[PDB]
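First comes the structure, then the notes that go with it.
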Amino acid sequence: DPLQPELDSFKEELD
Amino acid sequence: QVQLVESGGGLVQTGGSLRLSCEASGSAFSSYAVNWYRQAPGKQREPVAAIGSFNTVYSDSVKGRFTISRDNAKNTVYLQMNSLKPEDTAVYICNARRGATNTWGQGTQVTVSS
């Protein structure tokens, strides 16, 4: 996914 | 450089479904990931779901019940919400993310009652 870095940043918010 | 507007909220029976839309106006929408958050009065805002061009991420709170999807031809991202519970009641708001820059919508109300 070309937007995987943005998805990673959102994943980091899932605490 | 996009503006976002949410729609599709309402008042629905417990166990029912809604489909929210996050519509974007502006250029290069395909270069933004789209994230849904929700926030009830008195509480903190929490992440719900995210989509890139096609890959998706879900909070554990909605896994198996919600599905996020994207149609760039319509500059729209959808959040299909199934098996809704009273605890899903909140304002749902979308967020377009391009690198470290974030744009936010306004919010649409979702109320779930039995």
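The way I read the labels, and the way they are meant: chains A, B, ... in the order of the structure tokens, residue 1 as the first residue of every chain, and ligand 1 as the first ligand shown, with later ones counted on from there.
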### Message
Env of residue 8 of chain A: 12 Å cut, atoms = only C-alpha atoms, seq-sep filter 2 positions within chain, self excluded. Answer as a ChimeraX atom specification.
### Response
/A:1-6,10-14 /B:33,35,50-52,55-58,97,99-100
### Message
Could you pull out the helix (DSSP H, G or I) residues of chain B, going by DSSP on the backbone, and write them as a VMD selection string?
### Response
chain B and resid 29 to 31 72 to 74 86 to 88
Could you save the residues just selected, with N, CA, C and O atoms, as a compact mmCIF listing (two decimals), in the first residue's frame?
# COMPACT_ATOMS: atom_id res chain seq x y z
N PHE B 29 -6.52 13.78 -3.45
CA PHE B 29 -7.11 12.97 -2.37
C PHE B 29 -6.45 11.60 -2.25
O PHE B 29 -6.28 11.08 -1.14
N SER B 30 -6.05 11.01 -3.38
CA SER B 30 -5.46 9.67 -3.33
C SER B 30 -4.13 9.62 -2.58
O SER B 30 -3.67 8.53 -2.26
N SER B 31 -3.51 10.77 -2.30
CA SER B 31 -2.26 10.80 -1.54
C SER B 31 -2.47 10.92 -0.03
O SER B 31 -1.48 11.06 0.71
N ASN B 72 -11.94 6.26 -4.71
CA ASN B 72 -11.28 7.49 -5.11
C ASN B 72 -11.96 8.17 -6.29
O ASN B 72 -11.82 9.38 -6.46
N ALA B 73 -12.70 7.41 -7.10
CA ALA B 73 -13.48 8.02 -8.18
C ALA B 73 -14.54 8.96 -7.63
O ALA B 73 -14.97 9.88 -8.34
N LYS B 74 -14.98 8.74 -6.40
CA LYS B 74 -15.95 9.60 -5.73
C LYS B 74 -15.31 10.43 -4.62
O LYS B 74 -16.02 11.14 -3.90
N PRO B 86 -25.00 0.07 22.08
CA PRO B 86 -25.15 1.40 22.71
C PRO B 86 -23.82 2.10 22.94
O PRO B 86 -23.72 3.32 22.77
N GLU B 87 -22.78 1.34 23.29
CA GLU B 87 -21.47 1.92 23.57
C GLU B 87 -20.78 2.48 22.32
O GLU B 87 -19.76 3.18 22.47
N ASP B 88 -21.30 2.23 21.12
CA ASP B 88 -20.80 2.86 19.90
C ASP B 88 -21.32 4.27 19.71
O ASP B 88 -20.89 4.94 18.75
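The space separating atom CA of residue 8 of chain B from atom CA of residue 81 of chain B comes to 10.6 Å.
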### Task
Any chance you could list, as a count of residues only, the residues in chain B that come up strand (DSSP E) when DSSP is run on the backbone?
66
Fewer than 4 positions away in the same chain doesn't count, so skip those; otherwise give me all residues within 12 Å of segment 45-49 of chain B, counting only C-alpha atoms, as a PDB file with N, CA and C atoms, in the first residue's frame.
ATOM      1  N   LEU A   7      -0.652   4.460   7.548  1.00  0.00           N
ATOM      2  CA  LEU A   7      -1.327   3.393   8.279  1.00  0.00           C
ATOM      3  C   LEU A   7      -0.525   2.969   9.508  1.00  0.00           C
ATOM      4  N   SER A   9       1.410   4.912  11.259  1.00  0.00           N
ATOM      5  CA  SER A   9       1.240   5.959  12.264  1.00  0.00           C
ATOM      6  C   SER A   9      -0.087   5.807  12.995  1.00  0.00           C
ATOM      7  N   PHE A  10      -1.139   5.400  12.276  1.00  0.00           N
ATOM      8  CA  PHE A  10      -2.423   5.166  12.944  1.00  0.00           C
ATOM      9  C   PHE A  10      -2.368   3.932  13.848  1.00  0.00           C
ATOM     10  N   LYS A  11      -1.743   2.850  13.366  1.00  0.00           N
ATOM     11  CA  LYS A  11      -1.561   1.641  14.165  1.00  0.00           C
ATOM     12  C   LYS A  11      -0.895   1.944  15.497  1.00  0.00           C
ATOM     13  N   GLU A  12       0.082   2.855  15.487  1.00  0.00           N
ATOM     14  CA  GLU A  12       0.753   3.245  16.722  1.00  0.00           C
ATOM     15  C   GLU A  12      -0.192   3.901  17.720  1.00  0.00           C
ATOM     16  N   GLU A  13      -1.347   4.405  17.271  1.00  0.00           N
ATOM     17  CA  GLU A  13      -2.306   5.018  18.185  1.00  0.00           C
ATOM     18  C   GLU A  13      -3.183   3.990  18.884  1.00  0.00           C
ATOM     19  N   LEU A  14      -3.119   2.728  18.474  1.00  0.00           N
ATOM     20  CA  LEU A  14      -3.981   1.690  19.039  1.00  0.00           C
ATOM     21  C   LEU A  14      -3.288   1.117  20.271  1.00  0.00           C
ATOM     22  N   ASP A  15      -3.589   1.706  21.424  1.00  0.00           N
ATOM     23  CA  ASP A  15      -2.936   1.367  22.688  1.00  0.00           C
ATOM     24  C   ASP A  15      -3.755   0.387  23.510  1.00  0.00           C
TER      25      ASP A  15
ATOM     26  N   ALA B  33      -4.089   9.066   3.400  1.00  0.00           N
ATOM     27  CA  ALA B  33      -4.815   8.006   4.083  1.00  0.00           C
ATOM     28  C   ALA B  33      -6.012   8.625   4.793  1.00  0.00           C
ATOM     29  N   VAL B  34      -7.047   7.825   5.057  1.00  0.00           N
ATOM     30  CA  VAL B  34      -8.240   8.338   5.730  1.00  0.00           C
ATOM     31  C   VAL B  34      -8.487   7.525   6.992  1.00  0.00           C
ATOM     32  N   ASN B  35      -8.650   8.227   8.113  1.00  0.00           N
ATOM     33  CA  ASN B  35      -8.843   7.638   9.428  1.00  0.00           C
ATOM     34  C   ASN B  35     -10.184   8.086   9.978  1.00  0.00           C
ATOM     35  N   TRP B  36     -10.904   7.167  10.607  1.00  0.00           N
ATOM     36  CA  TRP B  36     -12.085   7.486  11.388  1.00  0.00           C
ATOM     37  C   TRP B  36     -11.762   7.430  12.872  1.00  0.00           C
ATOM     38  N   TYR B  37     -12.273   8.436  13.597  1.00  0.00           N
ATOM     39  CA  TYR B  37     -12.227   8.534  15.044  1.00  0.00           C
ATOM     40  C   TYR B  37     -13.640   8.744  15.562  1.00  0.00           C
ATOM     41  N   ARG B  38     -13.824   8.551  16.862  1.00  0.00           N
ATOM     42  CA  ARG B  38     -15.113   8.836  17.472  1.00  0.00           C
ATOM     43  C   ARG B  38     -14.893   9.437  18.848  1.00  0.00           C
ATOM     44  N   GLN B  39     -15.848  10.265  19.262  1.00  0.00           N
ATOM     45  CA  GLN B  39     -15.728  10.970  20.530  1.00  0.00           C
ATOM     46  C   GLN B  39     -17.115  11.247  21.084  1.00  0.00           C
ATOM     47  N   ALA B  40     -17.369  10.766  22.321  1.00  0.00           N
ATOM     48  CA  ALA B  40     -18.601  11.071  23.025  1.00  0.00           C
ATOM     49  C   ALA B  40     -18.382  12.239  23.980  1.00  0.00           C
ATOM     50  N   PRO B  41     -19.424  13.017  24.270  1.00  0.00           N
ATOM     51  CA  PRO B  41     -19.289  14.128  25.224  1.00  0.00           C
ATOM     52  C   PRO B  41     -18.697  13.678  26.552  1.00  0.00           C
ATOM     53  N   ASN B  55      -5.126  -1.168   1.964  1.00  0.00           N
ATOM     54  CA  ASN B  55      -4.927  -1.820   3.254  1.00  0.00           C
ATOM     55  C   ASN B  55      -5.693  -1.092   4.354  1.00  0.00           C
ATOM     56  N   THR B  56      -6.108  -1.849   5.372  1.00  0.00           N
ATOM     57  CA  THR B  56      -6.949  -1.306   6.428  1.00  0.00           C
ATOM     58  C   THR B  56      -6.415  -1.682   7.803  1.00  0.00           C
ATOM     59  N   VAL B  57      -6.797  -0.866   8.792  1.00  0.00           N
ATOM     60  CA  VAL B  57      -6.439  -1.066  10.195  1.00  0.00           C
ATOM     61  C   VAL B  57      -7.677  -0.802  11.038  1.00  0.00           C
ATOM     62  N   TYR B  58      -7.941  -1.673  12.016  1.00  0.00           N
ATOM     63  CA  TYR B  58      -9.124  -1.531  12.861  1.00  0.00           C
ATOM     64  C   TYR B  58      -8.744  -1.552  14.330  1.00  0.00           C
ATOM     65  N   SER B  59      -9.393  -0.689  15.110  1.00  0.00           N
ATOM     66  CA  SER B  59      -9.331  -0.818  16.556  1.00  0.00           C
ATOM     67  C   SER B  59      -9.934  -2.148  16.982  1.00  0.00           C
ATOM     68  N   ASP B  60      -9.396  -2.704  18.067  1.00  0.00           N
ATOM     69  CA  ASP B  60      -9.943  -3.957  18.564  1.00  0.00           C
ATOM     70  C   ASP B  60     -11.410  -3.809  18.953  1.00  0.00           C
ATOM     71  N   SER B  61     -11.833  -2.592  19.309  1.00  0.00           N
ATOM     72  CA  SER B  61     -13.205  -2.350  19.735  1.00  0.00           C
ATOM     73  C   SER B  61     -14.221  -2.570  18.622  1.00  0.00           C
ATOM     74  N   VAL B  62     -13.802  -2.530  17.357  1.00  0.00           N
ATOM     75  CA  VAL B  62     -14.731  -2.639  16.235  1.00  0.00           C
ATOM     76  C   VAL B  62     -14.382  -3.766  15.282  1.00  0.00           C
ATOM     77  N   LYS B  63     -13.284  -4.477  15.521  1.00  0.00           N
ATOM     78  CA  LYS B  63     -12.892  -5.576  14.648  1.00  0.00           C
ATOM     79  C   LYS B  63     -14.001  -6.609  14.529  1.00  0.00           C
ATOM     80  N   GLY B  64     -14.291  -7.019  13.297  1.00  0.00           N
ATOM     81  CA  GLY B  64     -15.351  -7.966  13.063  1.00  0.00           C
ATOM     82  C   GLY B  64     -16.728  -7.361  12.914  1.00  0.00           C
ATOM     83  N   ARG B  65     -16.887  -6.066  13.189  1.00  0.00           N
ATOM     84  CA  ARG B  65     -18.183  -5.409  13.068  1.00  0.00           C
ATOM     85  C   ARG B  65     -18.188  -4.283  12.048  1.00  0.00           C
ATOM     86  N   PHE B  66     -17.097  -3.528  11.946  1.00  0.00           N
ATOM     87  CA  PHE B  66     -16.991  -2.393  11.042  1.00  0.00           C
ATOM     88  C   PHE B  66     -16.085  -2.746   9.866  1.00  0.00           C
ATOM     89  N   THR B  67     -16.357  -2.116   8.729  1.00  0.00           N
ATOM     90  CA  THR B  67     -15.556  -2.292   7.522  1.00  0.00           C
ATOM     91  C   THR B  67     -15.342  -0.925   6.905  1.00  0.00           C
ATOM     92  N   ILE B  68     -14.093  -0.542   6.707  1.00  0.00           N
ATOM     93  CA  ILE B  68     -13.759   0.704   6.025  1.00  0.00           C
ATOM     94  C   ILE B  68     -13.389   0.385   4.581  1.00  0.00           C
ATOM     95  N   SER B  69     -13.820   1.252   3.660  1.00  0.00           N
ATOM     96  CA  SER B  69     -13.580   1.042   2.238  1.00  0.00           C
ATOM     97  C   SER B  69     -13.434   2.392   1.548  1.00  0.00           C
ATOM     98  N   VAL B  77     -14.521   7.947   1.393  1.00  0.00           N
ATOM     99  CA  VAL B  77     -14.225   6.771   2.206  1.00  0.00           C
ATOM    100  C   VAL B  77     -15.466   6.429   3.025  1.00  0.00           C
ATOM    101  N   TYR B  78     -15.802   5.145   3.093  1.00  0.00           N
ATOM    102  CA  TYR B  78     -16.994   4.668   3.778  1.00  0.00           C
ATOM    103  C   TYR B  78     -16.619   3.884   5.024  1.00  0.00           C
ATOM    104  N   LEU B  79     -17.429   4.027   6.075  1.00  0.00           N
ATOM    105  CA  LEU B  79     -17.342   3.190   7.269  1.00  0.00           C
ATOM    106  C   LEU B  79     -18.683   2.479   7.438  1.00  0.00           C
ATOM    107  N   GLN B  80     -18.741   1.208   7.040  1.00  0.00           N
ATOM    108  CA  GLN B  80     -19.926   0.387   7.267  1.00  0.00           C
ATOM    109  C   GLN B  80     -19.869  -0.159   8.686  1.00  0.00           C
ATOM    110  N   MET B  81     -20.869   0.170   9.494  1.00  0.00           N
ATOM    111  CA  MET B  81     -20.912  -0.174  10.908  1.00  0.00           C
ATOM    112  C   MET B  81     -22.050  -1.159  11.129  1.00  0.00           C
ATOM    113  N   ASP B  88     -21.298   2.228  21.123  1.00  0.00           N
ATOM    114  CA  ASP B  88     -20.800   2.856  19.901  1.00  0.00           C
ATOM    115  C   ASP B  88     -21.320   4.274  19.706  1.00  0.00           C
ATOM    116  N   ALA B  90     -21.525   8.056  19.668  1.00  0.00           N
ATOM    117  CA  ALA B  90     -20.439   9.033  19.637  1.00  0.00           C
ATOM    118  C   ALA B  90     -20.601   9.905  18.397  1.00  0.00           C
ATOM    119  N   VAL B  91     -19.860  11.007  18.363  1.00  0.00           N
ATOM    120  CA  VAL B  91     -19.660  11.720  17.110  1.00  0.00           C
ATOM    121  C   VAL B  91     -18.500  11.057  16.384  1.00  0.00           C
ATOM    122  N   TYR B  92     -18.719  10.677  15.135  1.00  0.00           N
ATOM    123  CA  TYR B  92     -17.673  10.084  14.313  1.00  0.00           C
ATOM    124  C   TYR B  92     -17.124  11.142  13.372  1.00  0.00           C
ATOM    125  N   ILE B  93     -15.802  11.230  13.305  1.00  0.00           N
ATOM    126  CA  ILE B  93     -15.119  12.294  12.572  1.00  0.00           C
ATOM    127  C   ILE B  93     -13.983  11.677  11.760  1.00  0.00           C
ATOM    128  N   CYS B  94     -13.789  12.170  10.542  1.00  0.00           N
ATOM    129  CA  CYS B  94     -12.724  11.638   9.701  1.00  0.00           C
ATOM    130  C   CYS B  94     -11.546  12.600   9.613  1.00  0.00           C
ATOM    131  N   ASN B  95     -10.419  12.027   9.211  1.00  0.00           N
ATOM    132  CA  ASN B  95      -9.120  12.681   9.291  1.00  0.00           C
ATOM    133  C   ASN B  95      -8.324  12.200   8.089  1.00  0.00           C
ATOM    134  N   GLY B 107     -17.722  16.059  11.815  1.00  0.00           N
ATOM    135  CA  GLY B 107     -18.363  15.076  12.664  1.00  0.00           C
ATOM    136  C   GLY B 107     -19.788  14.772  12.254  1.00  0.00           C
TER     137      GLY B 107
END
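The space separating atom CA of residue 42 of chain B from atom CA of residue 111 of chain B comes to 15.4 Å.
In this model, the gap between atom CA of residue 82 of chain B and atom CA of residue 104 of chain B comes to 24.1 Å.
Proximity to chain A was assessed for B:53, B:109, B:102, B:89 counting only C-alpha atoms; the smallest distance is recorded for B:53.
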